[PDB]
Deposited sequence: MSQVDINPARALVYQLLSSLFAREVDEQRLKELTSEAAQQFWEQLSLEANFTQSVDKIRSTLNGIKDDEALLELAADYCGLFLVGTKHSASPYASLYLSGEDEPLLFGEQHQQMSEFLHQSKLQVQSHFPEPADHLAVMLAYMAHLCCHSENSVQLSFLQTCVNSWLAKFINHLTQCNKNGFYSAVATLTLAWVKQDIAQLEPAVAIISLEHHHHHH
């Protein structure tokens, strides 16, 4: 009864922390239907001051420089770490419930953080999965596209940071292992193209 309205307020607040505000969003936040909304929210004594600051700011963005500055505030405050909006930086089972929610919603926040699946550990773990669950062509393609395309660089920079050399050796072995695996996969994959063509 009142819940859909509450969901709506939480969504709006969420959107404001999710990512910086672009032209399309600004137009959505300052339209007539949005103006009435902000007014209604302002009627509550505990919300009045905050609602006026938010609404007067958004209504004051008339050019590109105005929108760009607000975004700079967003980036300067949340994408540097500053006041990163992560609970753990200021302070259990309902994190898993959210984990699923995250996976389901396809809702991702603006972030300067590297993509988790871009972690070498993840790529290798996934390749291990491809070895027994995919065609050789998919395995080869993945090694050439996502692994062999950058290890050399990683290794190079690793040799300038690892004094001991343990992890430099691990990286070195990984590339060597990948190259040899690619050489075993090439003919296999090529046989299938010579056969699926004739």
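No C-alpha positions are given for the deposited-sequence stretches 1 to 4, 86 to 88, 99 to 107, 215 to 217.
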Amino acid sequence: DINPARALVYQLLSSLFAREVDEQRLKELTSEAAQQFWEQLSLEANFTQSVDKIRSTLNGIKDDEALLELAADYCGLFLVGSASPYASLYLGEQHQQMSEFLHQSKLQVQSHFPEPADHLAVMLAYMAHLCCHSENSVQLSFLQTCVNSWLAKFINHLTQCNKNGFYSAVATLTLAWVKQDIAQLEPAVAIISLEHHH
From here on, numbers count along this sequence of modelled residues.
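Here the stretch with the larger average CA B-factor, out of 117 to 125 and 96 to 104, is 96 to 104.
Between the stretches 3 to 11 and 187 to 195, it is 187 to 195 that shows the larger average CA temperature factor. Residue set 169, 131, 143, 161: peak C-alpha B-factor at 161 (per PDB entry). When the CA B factors of the chain's modelled residues are split into thirds, the value for residue 33 lands in the highest one. Sort the chain's modelled residues by C-alpha temperature factor and residue 156 lands in the highest third, per the entry. Annotation for residue 67: CA B-factor lies in the middle third of the chain's modelled residues.
When the modelled residues of the chain are ordered by C-alpha B-factor, residue 138 sits in the lowest third.
Residue 26 sits in the middle third of its chain by CA B factor, as recorded in the PDB entry.
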